[PDB]
Amino acid sequence: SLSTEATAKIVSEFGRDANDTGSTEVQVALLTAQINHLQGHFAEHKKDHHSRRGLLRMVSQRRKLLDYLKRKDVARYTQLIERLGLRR
Amino acid sequence: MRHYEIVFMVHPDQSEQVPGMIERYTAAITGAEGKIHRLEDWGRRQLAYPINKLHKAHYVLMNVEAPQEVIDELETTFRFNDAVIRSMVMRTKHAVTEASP
Amino acid sequence: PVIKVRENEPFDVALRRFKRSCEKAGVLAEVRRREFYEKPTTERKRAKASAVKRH
Amino acid sequence: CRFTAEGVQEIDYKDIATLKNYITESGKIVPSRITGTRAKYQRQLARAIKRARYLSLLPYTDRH
Amino acid sequence: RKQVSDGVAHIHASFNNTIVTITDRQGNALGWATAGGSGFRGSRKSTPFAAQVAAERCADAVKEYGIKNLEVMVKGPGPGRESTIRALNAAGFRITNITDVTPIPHXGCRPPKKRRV
RNA sequence: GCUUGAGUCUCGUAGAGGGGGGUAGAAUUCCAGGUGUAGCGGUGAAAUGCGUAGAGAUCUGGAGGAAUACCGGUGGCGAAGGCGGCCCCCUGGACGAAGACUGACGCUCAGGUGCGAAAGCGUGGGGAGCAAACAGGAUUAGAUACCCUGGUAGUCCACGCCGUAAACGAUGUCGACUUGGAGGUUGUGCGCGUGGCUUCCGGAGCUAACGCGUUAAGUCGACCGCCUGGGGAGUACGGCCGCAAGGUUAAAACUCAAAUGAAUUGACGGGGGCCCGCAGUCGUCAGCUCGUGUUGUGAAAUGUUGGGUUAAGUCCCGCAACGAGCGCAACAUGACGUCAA
Ligand SMILES: CN(C)[C@@H]1C(O)=C(C(N)=O)C(=O)[C@@]2(O)C(O)=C3C(=O)c4c(O)cccc4[C@@](C)(O)[C@H]3C[C@@H]12
Ligand SMILES: [K+]
Ligand SMILES: [K+]
Ligand SMILES: [K+]
Ligand SMILES: [K+]
Ligand SMILES: [K+]
Ligand SMILES: [K+]
Ligand SMILES: [K+]
Ligand SMILES: [Mg+2]
Ligand SMILES: [Mg+2]
Ligand SMILES: [Mg+2]
Ligand SMILES: [Mg+2]
Ligand SMILES: [Mg+2]
Ligand SMILES: [Mg+2]
Ligand SMILES: [Mg+2]
Ligand SMILES: [Mg+2]
Ligand SMILES: [Mg+2]
Ligand SMILES: [Mg+2]
Ligand SMILES: [Mg+2]
Ligand SMILES: [Mg+2]
Ligand SMILES: [Mg+2]
Ligand SMILES: [Mg+2]
Ligand SMILES: [Mg+2]
Ligand SMILES: [Mg+2]
Ligand SMILES: [Mg+2]
Ligand SMILES: [Mg+2]
Ligand SMILES: [Mg+2]
């Protein structure tokens, strides 16, 4: 999983504060960081199906949070996907 | 850094080579900004069963804080040293300083 | 199961000490268990059955 | 259970004097139903014994 | 005909037969007998009595070596585990040790399939 | 807008969760050599087989593969399939404590997509043990079997395919609510609490019954999947998928008046326990019944079972049964019935 330090950085960049761990932007940024990190794992470990199920849950959760944010605030949504480099 | 507990046991004829090996292996670790929390030379003990005809071996314990690569490097040294008949490297959660049984 | 026959001990006492060491170690039951292959399904069924009658 | 009573956290593979209480003379690990070890400590004990056996601090069997 | 004060009796007690082999303590065989080669075939071969007679005849086979004391290595589950050792005692050997040496795999190889009798 | 559903963060906990790499000890087989000598092996009994060209046994050295005794547990983990020596590397989930944070972001899900035991298939490796096929030996009326001696695919590894199993709790997922008892396992607060997971018993209720019973098959709500007599048939045709084996979707004509579930009384078993007998009929065997009560929706059950004891349902003691009749016994005598004898 993501380190305490790497997590704390992401909360600082995308959150309102260090305490603001709940915001959709932070949550999406955290999921994105771990999805990107795990690409190296699954490149090496192609038949780690059990861990991949956890990755696909991260992907699905991110998709649901982005869809929530899109319909709640299109502008924040647009900013976020630019910063994180997501298609949608 | 990660905390490791290392046991290795040396061929009883190379018991006199062990002080040089200990100071060499600790030199490898200290050079990587690593720490030595414990270092016990248990000396020649009776083996519970024969390992490669031998009935005794010279045990050395050391608890170490280091990067994983220098530990990986130290395991390859044990592999390719015929004096080192057997070794075990174990992750520990915390540092261990206090003396063993 | 390894008995050293102790001094001024008769042979029956030596031999029953060997018998008791064997039954404690469980040699013959382990041999009889390993004579034939038991499918894992059969093993689990046996384990469950023993448990249901233990309780 | 001694390990619970005596406040033990991690059973040490190096503590051969302790481990010898939980093996038979054949070298086999004694069941928890005999010794009254708690399940959590029985698992630690089994691991400790298997490490000790690897390092030839304990025998696997009474006939090497 | 060399003298061999101390020896080892190896008892191979299978379900079908008993082989008694007396060796020196290097494991060089000095003499042997079997339940099958002692006037017992089929059902009688796999009995404690046939194992007794095998042990008696093995003691006769090693008469000239002057073996006085024996260790006993017992191997297998068969009917001639105990009766063999009693016979070696009756033959006038000093039994010093008794050891079970039955092979037990620590898992090992898949055994043959169960018989559907 | 809100924080109660859902989610994020912090600290910690247990775990055969997964992927990769390394390594240990036991054992089997094989090879080489020593000692030793007539058997070994196998079965119900044998024989095939192995062995004087020195087996089997025993000791020493070596090679190689596969699986990890004990621990071990109605134990643990995983969506399911499944996962078990030890060590390291990479990695998924769960749970608890105390807050902080987001602010309905949720539940379910046709089509879709992924994962999916074993066998099987492709290419390349590997091959100890085991073992479809196959061969021989037995058994038998025969024995294309069961048993024995061998033994190839396969079982193992890499990568790809297959997509099925009594893939089962034969029980879809999510949420709420509704008496108890005894355990297991794993957290945590001060003997006493409080969470998670799990096993057994049982209450109301439910159920055709069996049973289920806060882990519901109870009481409700949301959404999905599926059924509509037995066969024909999960078959044909068509489509799609597959290297193939085949999978998946899925009819009709025709045919029967049943098929089926659970439970009841018998009878029967090459099921178990306990007894008896020189081991017209069954059989002089000790049985067979009824009234009333009670239990069950009901067929029925109880009594008549049970602990003892007896030649005996003989007698005693217990018991939702309480009594009674025909038998037993007592004073040759054949209970209710059976064989359309
Ligand atoms: C008209 N309708 C579309 C029918 C239908 O609903 C079918 C179904 N499975 O529900 C068919 O299979 C149906 O579509 C269909 O395919 C039919 C058939 O294939 C055949 C064939 O091939 C040969 C004989 C009879 C039939 C059949 C009577 O079963 C056909 C019925 C078809
Ligand atoms: K080495
Ligand atoms: K949907
Ligand atoms: K083969
Ligand atoms: K009923
Ligand atoms: K559904
Ligand atoms: K019909
Ligand atoms: K009645
Ligand atoms: Mg066999
Ligand atoms: Mg983990
Ligand atoms: Mg692999
Ligand atoms: Mg397979
Ligand atoms: Mg293949
Ligand atoms: Mg075979
Ligand atoms: Mg066969
Ligand atoms: Mg199916
Ligand atoms: Mg299953
Ligand atoms: Mg099951
Ligand atoms: Mg089903
Ligand atoms: Mg679970
Ligand atoms: Mg119940
Ligand atoms: Mg079909
Ligand atoms: Mg088709
Ligand atoms: Mg009656
Ligand atoms: Mg009467
Ligand atoms: Mg009564
Ligand atoms: Mg009368």
# chains A, B, ... in the order shown; residues from 1 in each chain; ligands from 1

call {"tool": "interface_residues", "arguments": {"of": "chain F", "to": "chain B", "cutoff": "12 Å", "atoms": "only C-alpha atoms (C1' of nucleotides)", "output": "number ranges by chain"}}
result
F: 21-25, 61, 86-89

call {"tool": "residues_around", "arguments": {"residues": "residue D:23", "least_positions_apart": "5", "cutoff": "10 Å", "atoms": "only C-alpha atoms (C1' of nucleotides)", "output": "list in words"}}
result
residues 18, 28, 29, 30, 31, 46, 49, 58, 59 and 60 of chain D; 70 and 71 of chain F

call {"tool": "residues_around", "arguments": {"residues": "residue B:65", "least_positions_apart": "5", "cutoff": "7 Å", "atoms": "only C-alpha atoms (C1' of nucleotides)", "output": "PyMOL selection string"}}
result
chain B and resi 1-4+34-36

call {"tool": "closest_residue", "arguments": {"among": "D:9, D:26, D:61, D:4", "to": "chain C", "atoms": "only C-alpha atoms"}}
result
D:26

call {"tool": "residues_around", "arguments": {"residues": "residue B:53", "least_positions_apart": "2", "cutoff": "12 Å", "atoms": "only C-alpha atoms (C1' of nucleotides)", "output": "PyMOL selection string"}}
result
(chain B and resi 11-12+47+49-51+55-57+85) or (chain D and resi 64) or (chain F and resi 61)
